[PDB]
């Protein structure tokens, strides 16, 4: 197919061979990350070179390596030793998840802690959480995991209902030593169960819901070719999948009559952090980079037809590598289908007597992932009118704690003695822009209020102002919902028929950005989350807003470093990074299982077309 096709099990196997053959994949080596590389910048480059990037961990304690291999030419293009204390630790390995609980089970401090609380060690689940970087000097260079305890009364019990507060352990998962066990005091362990599948809790199930059937008697309107190439209602794109980012969209273009006009070169959620706002030492270090530290694509669910994806669905089953280089397929990991989207355009004209109504539709490309207690759905939508939209759906079980006697300013009560620490889920959408090609620029557009007086005697006038971001040093922008602030990405060398540079306007939800104090560790490690919009000059090695190795990285790694280059972004190959998230103060209705909460953003054509691009839609 094209150089944008999904990785084959064969390519994964071929990467495994090349590595072992080069002596890079011994018995103590584990693949922490592996993913195909996107074709480099060009056009007439028919010579295909499928390369894969790999992060290799060594369970002995030896320095890890970043290796790039060429599957097309069975070679090791590069292999470098990483100084994790300098560049950060590799992504948390799924196999290290069990380790924290196992090591702790034989630690006397831990056992002493459980004994004081009368908790059976065999019933205490331990959540292997990322460590971050705080004041523990002995952690620099070491691969640390922190553990919080939750009691599971029985196999099918929801342990989240029973947090063991006042206790936290730090574990060196390489040397296998419990570096520390902190017990700040016994807290009552919440007793009510949160088993949402227990009839005693749910009550008799409803019998009132009649079925809703969504069918496509003639099949879907989109076509899938070359495995992942989508063609639908003038749109054209390639659906990729990466173990770290999940679903990635490539070459989003719109066929405007004769031309296939590019809009976005690459769209992905490049990072997703979940910072907690509880100042208790038991949790004050808690910040989960679901994408950067855990890798969201790795945990993508196999979606069941009729349950997760309703209607006429076309699935993609992406292949990833396991810790040993063996290919693993995520059956039905990606859903593709078109949804009716109500009214597109409507007008009943008195003067002409013409009554006109048209219906809208959206192409949907989604996947759902699970990172411990949270579950997130990632949805990309393409609309008939040219609008592109992203929506994240957050659900799962809330991360719990004990609810302090006397209340709390940073924790809310869900059940008797059960608390839910305040937190945020902040995303970063990386949009490698290609508005009618790569020569793009960004303008910040604000509504402009005008004062009543000469030229505006009735005081009714209002305008808009656009400020072009010319250098990266002036491309770190904040939201301003009050002045209806948006950002327009245009091609200054491609003009519509009214001789105006074609463009697309980004409409943000203007939700709060990172709340943490500016001098905090999380503010420095997830600096991208402190501002709504960033614009950088494209560079193939600038992939994530938080850098390539997020785990235990000290600070300032991604966007702040890239931006510091201060490159020219006025009419250049540029990338837009939009920060957007949810700020959560959990409610009683989020317990025992959370109903979906959503956030997103969208981009609408702004003088991109010469008139409405949906005049050819039939009466339907």
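Residue numbers count along the first chain shown, from 1. Heads up, when I say rigid core I mean the largest set of C-alphas that superpose within 1.5 Å between the two forms.
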Self-check item: RMS Cα shift after core superposition in 7 other deposited structures of this protein, winner of 60-68 and 37-45
Solution: 37-45
Exercise. Take the C-alpha B-factors listed in the entry for 578-586 and for 40-48, compute each mean, and give the stretch with the larger one.
Key: 40-48
Practice problem: On mean C-alpha B-factor from the PDB entry, just flag whether 600-608 or 14-22 is the higher one. | Solution: 14-22
Quiz prompt | Per the PDB entry, maximal CA B factor within 297, 203, 342, 163 | solution = 203
Quiz item: Highest CA temperature factor in the entry: which of 419, 91, 318, 194?
Solution: 91
Exercise. Just say lowest, middle or highest third for the CA B-factor of residue 213 relative to the other modelled residues in its chain.
Key: highest
Quiz item: Against its chain's modelled residues, does residue 327's Cα B factor rank lowest, middle or highest third?
Solution: highest
Self-check item: Third of the chain's Cα B-factor distribution that residue 389 belongs to, per the entry
Solution: lowest
Self-check item: Chain thirds of CA B-factor: placement of residue 186
Solution: highest
Practice problem: Place residue 614 in the lowest, middle or highest third of its chain's C-alpha B-factors, as listed in the PDB entry. | Solution: lowest
